[PDB]
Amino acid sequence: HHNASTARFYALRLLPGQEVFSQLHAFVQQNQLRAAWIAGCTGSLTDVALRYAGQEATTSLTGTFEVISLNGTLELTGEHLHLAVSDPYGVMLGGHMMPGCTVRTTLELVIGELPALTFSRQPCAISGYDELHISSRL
């Protein structure tokens, strides 16, 4: 059965200029994470790539942003992450995170991994898209 598992946590800090998606995937590959999620995140970005609700196109922005929240799941060959950033006036923007977000000064992350489970993306006949599927690691 799924859902239940203890968690192992990882703490890491990304460097200025690094692209978030690529670094997260590299960390997942390095540790062969099969059922992870972002348990905590704080930092800053220069370039931001977001896909707004219901939209197909990716919105690319550049400036000075603070990462307010980065949430979602990730695993060996898939992920689903949402990002919220704030600007110099406190105004926020949020959406589906896409490749292209670059670290400004830092990105601090605490990533949780559920050793008893395995996440995968399987087609959902209801939504019409590949959705999160949870199964036993063993």
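Numbers for residues come from their place in the sequence shown, where the first is 1.
Asks: Which is higher in the entry, the mean Cα B factor of 44 to 52 or that of 57 to 65?
Replies: It is 57 to 65 that shows the higher mean C-alpha B-factor.
Asks: Name the higher of the two by mean Cα B-factor in the PDB entry, 92 to 100 versus 34 to 42.
Replies: Higher mean C-alpha B-factor in the PDB entry: 92 to 100.
Asks: Between 11, 125, 14, 24, which one tops the list for Cα B-factor in this entry?
Replies: Most elevated C-alpha B-factor of the set, per the entry: 125.
Asks: Please place residue 106 in the lowest, middle or highest third of its chain according to the CA B-factor in the PDB entry.
Replies: As the PDB entry reports it, the C-alpha B-factor of residue 106 lands in the middle third of its chain.
Asks: If you rank the chain by CA B-factor, which third does residue 73 end up in: lowest, middle or highest?
Replies: For residue 73, whose C-alpha B-factor we compare with every modelled residue in the chain, the answer is the lowest third.
Asks: Considering only modelled residues of the same chain, in which third does the CA B-factor of residue 7 rank: lowest, middle or highest?
Replies: Answer is lowest: the recorded C-alpha B-factor places it there.
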